[PDB]
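Heads up, the chain below is alone and in the form deposited in one PDB entry; it's given as structure tokens.
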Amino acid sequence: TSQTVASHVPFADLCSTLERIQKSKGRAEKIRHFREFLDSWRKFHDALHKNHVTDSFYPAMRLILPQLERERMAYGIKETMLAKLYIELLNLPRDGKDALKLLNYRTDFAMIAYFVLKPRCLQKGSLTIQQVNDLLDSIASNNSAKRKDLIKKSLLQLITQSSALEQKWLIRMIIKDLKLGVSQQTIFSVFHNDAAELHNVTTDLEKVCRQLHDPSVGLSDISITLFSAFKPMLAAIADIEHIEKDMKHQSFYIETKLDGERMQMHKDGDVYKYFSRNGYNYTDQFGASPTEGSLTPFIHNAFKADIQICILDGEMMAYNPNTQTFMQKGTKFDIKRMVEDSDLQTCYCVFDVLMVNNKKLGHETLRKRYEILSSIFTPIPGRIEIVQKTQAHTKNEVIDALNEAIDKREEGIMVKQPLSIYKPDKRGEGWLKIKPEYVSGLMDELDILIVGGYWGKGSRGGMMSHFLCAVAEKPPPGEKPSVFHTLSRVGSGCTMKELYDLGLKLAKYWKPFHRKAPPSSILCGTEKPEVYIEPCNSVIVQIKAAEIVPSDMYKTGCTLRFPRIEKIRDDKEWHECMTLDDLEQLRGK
């Protein structure tokens, strides 16, 4: 009658098992202790439920793998809060060595506390595992509601009714790090042969505990399911030199790499759920239905007529309508707020589909999966998009793509095997990611001057797509630099507001560049700008680049490989520009 094993098992038995596992040296011994507990629980369950069942090992497992808790929200509990509380309850001298050590704990804490507890708290535990869960539930729920005093009272119950040793373990469950000395994967494997695979397509300990309650009954065709959080497929880092072999000497896809929030979308008619990469529920943000949220109302009607159910994998971007650009994560500005203040909007960049109307697609080829994707919805630029991809088979094509990508201020490229299927939580297989070899030194901080510009297209024709940048020729002692040598073209995409602000600040200073009557202050190579700007009116940008290579396109006789503007350095005057001599020393060092 809604009976549970957890209501019968002292939290003390769970803790004595954790203590034995942690103190065991060998893996074998660690596993044995876990097995003995798990096995007793299973036999008890069978006896308890003979004449009845959704009950399972979940109440224990959620405490054994606290980092996998998904039902309960954050506790909001700091080591420093526990410290004060213990100092009260144990009546420690407020200025003594024990009190200070607790208060001055440097980020383990459970062990420091336990040593203070062992000789002064002799109480025997009284809580069942179920009652421990109830109090943790209370802590989390009260934290959500910022009811500080109720959090304390729940903590107070946990502490006054638990043994010193149990308190050691409570602290670790609260912090979410047990330090058992045995891995999460081992825990899963010991529990059920299928537990890990199931967990990968349902990020839910309860589901795994309940569905795999019987260790001798497997699950067939474990797969991605509507409204269950699967772990995203991951990309392995790839050295661009080996890319043709890595793609099984056959044709492959090159796809744009977006740095947003990895997000999967689940749809059934008017009902929507969204899961982040860790399997937390973001439906409150994006929208459970077409009349609420920051995204769903705007994309519900993009879906094609025949599509009732679908599951998508992709990336959430912050899109600027006025510039038609995605804003990068790293900015001095507030992306979340501007999204809320309607300055920016949420855009779902989609690169995969795992289900359409009850066809499951995990095992289809990425090739087939992409085909299907174009049938799911009609893209709306700036709300819901299909990530751009192309076919390629050559290393040089990949060099081209990376070159283009960095130019547009993207930070890398993706490469994908068309034959490949979708493997949740696996890194490698069909998905590779490629980024520039950035070596962190002076090469990360090239401080150079903007000397010229190139216009964007159509309506973005008022904004610049690229800047031309130069270094200073070292001037006679006393005077400011008067001659600059071009060094590199670099992308000007408004992926951060400071670049937008910079463009508007410089707008009034551009002058038409004439090949036949060029300004004396700017010396060029092959590459000429559309417009230039007098040095004293300009701004220094800090540039990250992977390599300095020879070039006849720039006056310096060389240029920057994969250059990206990192910062606008308006804390510098134009004449503080890096010189030819600096460039020269940098190159050969």
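Numbering starts at 1 and runs along the sequence shown.
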*Check whether residue 313 has no coordinates in at least a third of the other compared PDB entries of this protein, counting only entries that model residues on both sides of it.*
no
*Does residue 185 go missing in at least one third of the other entries compared here?*
no
_Interval residue 220-residue 221, deposited residues with no coordinates in the entry (none, 1 to 3, 4 to 9, 10 or more)_ = none
*With respect to the recorded C-alpha B factors, which stretch has the higher mean value, 360 to 368 or 111 to 119?*
360 to 368
*On mean C-alpha B-factor from the PDB entry, just flag whether 169 to 177 or 145 to 153 is the higher one.*
145 to 153
*Specify which of 76, 512, 321, 430 carries the largest Cα B factor in the deposited PDB entry.*
430
*Say you rank 266, 395, 192, 277 by Cα B-factor from the PDB entry; which sits at the top?*
395
*Sort the modelled residues of this chain by their C-alpha B factor and say whether residue 199 lands in the lowest, middle or highest third.*
lowest
*If you rank every modelled residue in this chain by C-alpha B factor, which third holds residue 298: lowest, middle or highest?*
middle
*What third of its chain, lowest, middle or highest, does the C-alpha temperature factor of residue 497 fall into?*
middle
*How does residue 508 rank on Cα B-factor within its chain, lowest, middle or highest third?*
lowest
*Sorting the chain's CA B-factors, does residue 440 end up in the lowest, middle or highest third?*
highest
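Not pictured, yet referred to below: the form deposited in another entry.
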_Please find the hinge residue among 60, 171, 224, 398, where one rigid part turns relative to the other between the shown form and the other one._
224
